[PDB]
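Presented below is the structure to which this report refers.
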Amino acid sequence: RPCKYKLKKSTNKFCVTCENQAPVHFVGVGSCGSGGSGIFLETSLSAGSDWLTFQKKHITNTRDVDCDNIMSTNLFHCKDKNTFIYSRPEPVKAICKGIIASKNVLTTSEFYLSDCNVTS
């Protein structure tokens with residue numbers, strides 16, 4: 001038990017940013033949230049990371065998270081929240097095709113969304 005968190009689950013699409021035919025940034029859940037401010041509280045995988053690590057960061061092919069055993073995983077850092085996407089890599093990567101412009105579109109399908117938010 002690393003920290004204390006509250007129970008949040010949903011089932012919906014997600015928004016991201018494609019850069020060189022692969023999504024290297026998260027944007028939002030069921031919508032695309034505008035980035036036109038000096039905010040830096042996000043992971044910002046655009047500079048110093050890739051799509052190849054974006055997957056391991058907050059996506060899984062099997063939700064095994066209980067928000068009490070993540071002391072054993074890479075997420076032991078006691079963050080304020082995280083947003084786990086239970087999907088395959090295909091419906092995430094293939095949202096874009098030929099895009100170099102650092103942009104994507106919101107998905108259309110409904111995936112298992114697994115948030116967990118801190119409770120002090």
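In the structure tokens, each chain is lettered A, B, ... as it comes, each chain's residues begin at 1, and ligands are numbered from 1 in order of appearance.
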Long-range neighbours of segment 75-78 of chain A as a list in words, 10 Å cut-off, only C-alpha atoms, 5 positions minimum in chain |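 Listing them by chain and then by number gives residues 1, 2, 3, 4, 57, 58, 67, 68, 69, 70 and 118 of chain A.
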Kindly export the residues of the current selection with N, CA and C atoms, as a short mmCIF file (atom, residue, chain, number, x, y, z; two decimals), in the first residue's frame.
data_model
loop_
_atom_site.label_atom_id
_atom_site.label_comp_id
_atom_site.auth_asym_id
_atom_site.auth_seq_id
_atom_site.Cartn_x
_atom_site.Cartn_y
_atom_site.Cartn_z
N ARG A 1 0.85 -1.23 0.00
CA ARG A 1 0.00 0.00 0.00
C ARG A 1 0.88 1.27 0.00
N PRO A 2 1.20 1.87 -1.17
CA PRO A 2 2.09 3.04 -1.21
C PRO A 2 1.42 4.33 -0.68
N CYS A 3 0.24 4.66 -1.21
CA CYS A 3 -0.53 5.88 -0.92
C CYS A 3 -2.04 5.56 -0.91
N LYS A 4 -2.89 6.56 -0.62
CA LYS A 4 -4.35 6.42 -0.56
C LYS A 4 -5.00 7.06 -1.78
N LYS A 57 3.97 3.57 -20.19
CA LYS A 57 3.73 4.68 -19.24
C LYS A 57 2.34 4.63 -18.59
N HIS A 58 1.26 4.56 -19.38
CA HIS A 58 -0.13 4.59 -18.87
C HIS A 58 -1.14 3.77 -19.70
N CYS A 67 -4.62 0.03 -7.16
CA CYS A 67 -4.22 1.30 -6.53
C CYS A 67 -3.71 1.17 -5.07
N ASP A 68 -3.10 0.02 -4.76
CA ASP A 68 -2.52 -0.39 -3.47
C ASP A 68 -1.26 -1.27 -3.63
N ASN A 69 -1.04 -1.90 -4.79
CA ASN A 69 0.11 -2.76 -5.11
C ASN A 69 1.09 -2.14 -6.12
N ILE A 70 0.79 -0.94 -6.66
CA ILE A 70 1.63 -0.20 -7.63
C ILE A 70 2.99 0.25 -7.07
N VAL A 118 -5.65 10.60 -5.88
CA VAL A 118 -5.24 10.62 -4.46
C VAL A 118 -6.35 11.15 -3.54
#
Selection near segment 20-37 of chain A, 7 Å with only C-alpha atoms, sequence-local residues under 2 positions removed, as a PDB file with C-alpha atoms, in the first residue's frame:
ATOM      1  CA  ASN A  12     -15.002   5.652 -23.434  1.00  0.00           C
ATOM      2  CA  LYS A  13     -12.599   7.031 -26.131  1.00  0.00           C
ATOM      3  CA  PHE A  14      -9.352   8.998 -25.480  1.00  0.00           C
ATOM      4  CA  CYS A  15      -7.402  11.884 -27.109  1.00  0.00           C
ATOM      5  CA  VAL A  16      -3.630  11.992 -27.929  1.00  0.00           C
ATOM      6  CA  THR A  17      -0.990  13.735 -30.220  1.00  0.00           C
ATOM      7  CA  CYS A  18       0.594  11.957 -33.260  1.00  0.00           C
ATOM      8  CA  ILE A  39       1.476  23.973 -17.726  1.00  0.00           C
ATOM      9  CA  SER A  44       5.238  15.451 -21.832  1.00  0.00           C
ATOM     10  CA  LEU A  45       6.530  12.372 -23.786  1.00  0.00           C
ATOM     11  CA  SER A  46       7.104  14.662 -26.884  1.00  0.00           C
ATOM     12  CA  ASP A  50       8.485   8.149 -27.806  1.00  0.00           C
ATOM     13  CA  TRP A  51       5.312   6.135 -28.616  1.00  0.00           C
ATOM     14  CA  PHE A  54       4.033   5.990 -24.074  1.00  0.00           C
ATOM     15  CA  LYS A  93      -1.273   4.010 -33.127  1.00  0.00           C
ATOM     16  CA  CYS A  96      -3.043   8.640 -37.423  1.00  0.00           C
ATOM     17  CA  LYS A  97      -1.382   7.751 -40.799  1.00  0.00           C
ATOM     18  CA  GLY A  98       1.388   9.921 -42.394  1.00  0.00           C
ATOM     19  CA  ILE A  99       1.058  12.696 -39.707  1.00  0.00           C
ATOM     20  CA  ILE A 100       4.322  14.628 -38.968  1.00  0.00           C
ATOM     21  CA  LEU A 106     -10.106  11.902 -30.543  1.00  0.00           C
TER      22      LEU A 106
END
Selected residue of minimal separation from residue 119 of chain A among A:40, A:19, A:79, A:60, counting only C-alpha atoms |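 The closest residue to residue 119 of chain A is A:79.
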Name the residues of chain A that come out as helix (DSSP H, G or I) in a backbone DSSP run; write them as a count of residues only.
-> 12
Kindly indicate which residue among A:87, A:109, A:82, A:102 lies nearest to residue 41 of chain A, using only C-alpha atoms for the distances.
->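 Of all the options, A:82 lies closest to residue 41 of chain A.
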Nearest candidate to residue 74 of chain A (options A:53, A:38, A:62, A:115; using only C-alpha atoms) =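 Among A:53, A:38, A:62, A:115, it is A:53 that comes nearest to residue 74 of chain A.
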Gap from atom CA of residue 61 of chain A to atom CA of residue 101 of chain A - Å, one decimal |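 Going from atom CA of residue 61 of chain A over to atom CA of residue 101 of chain A, I get 28.1 Å.
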Apply DSSP to the backbone of this structure and, from chain A, keep only the residues in strand (DSSP E or B); write these as a ChimeraX atom specification.
-> /A:5-12,14-18,23-29,59-60,81-86,111-118
Restrict the selected residues to C-alpha atoms and save them as a short mmCIF file (atom, residue, chain, number, x, y, z; two decimals), in the first residue's frame.
data_model
loop_
_atom_site.label_atom_id
_atom_site.label_comp_id
_atom_site.auth_asym_id
_atom_site.auth_seq_id
_atom_site.Cartn_x
_atom_site.Cartn_y
_atom_site.Cartn_z
CA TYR A 5 -6.54 6.73 -3.70
CA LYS A 6 -10.31 6.86 -4.59
CA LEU A 7 -12.20 4.52 -6.99
CA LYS A 8 -12.78 5.88 -10.55
CA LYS A 9 -13.67 3.69 -13.61
CA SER A 10 -15.24 4.53 -17.02
CA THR A 11 -15.71 3.16 -20.59
CA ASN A 12 -15.00 5.65 -23.43
CA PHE A 14 -9.35 9.00 -25.48
CA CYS A 15 -7.40 11.88 -27.11
CA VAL A 16 -3.63 11.99 -27.93
CA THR A 17 -0.99 13.74 -30.22
CA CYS A 18 0.59 11.96 -33.26
CA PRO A 23 1.13 9.00 -30.69
CA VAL A 24 3.88 10.34 -28.33
CA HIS A 25 1.61 12.53 -26.07
CA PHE A 26 -1.59 12.08 -24.03
CA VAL A 27 -4.33 14.80 -24.32
CA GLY A 28 -7.57 13.67 -22.57
CA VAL A 29 -10.53 11.28 -22.00
CA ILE A 59 -1.54 1.86 -21.24
CA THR A 60 -1.97 -1.93 -20.72
CA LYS A 81 -3.30 10.40 -10.26
CA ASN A 82 -2.76 8.26 -13.38
CA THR A 83 -5.05 7.28 -16.34
CA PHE A 84 -4.66 3.62 -17.40
CA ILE A 85 -6.07 2.77 -20.87
CA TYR A 86 -7.00 -0.94 -21.22
CA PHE A 111 -12.21 1.31 -24.16
CA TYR A 112 -11.85 0.37 -20.45
CA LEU A 113 -10.66 3.60 -18.74
CA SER A 114 -9.03 3.12 -15.31
CA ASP A 115 -8.26 6.32 -13.37
CA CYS A 116 -7.12 6.52 -9.71
CA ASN A 117 -6.97 9.88 -7.84
CA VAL A 118 -5.24 10.62 -4.46
#
Find the spatial neighbours of residue 95 of chain A, counting only C-alpha atoms, within a cut-off of 8 Å - ignore same-chain residues fewer than 2 positions away - and output them as a list in words.
->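 After dropping sequence-adjacent residues, the list is residues 91, 92, 93, 97, 104, 105 and 107 of chain A.
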Saved selection, atoms kept: C-alpha atoms, as a tab-separated table (two decimals), in the first residue's frame:
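Result written to part_8.tsv:
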chain	number	residue	atom	x	y	z
A	91	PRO	CA	-6.52	1.32	-32.09
A	92	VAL	CA	-4.07	3.85	-30.47
A	93	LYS	CA	-1.27	4.01	-33.13
A	97	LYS	CA	-1.38	7.75	-40.80
A	104	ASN	CA	-4.16	13.69	-33.66
A	105	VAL	CA	-7.99	13.34	-33.40
A	107	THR	CA	-10.89	8.14	-30.97
At what distance in Å, to one decimal, does atom CA of residue 89 of chain A lie from atom CA of residue 52 of chain A?
->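 The value is 10.1 Å.
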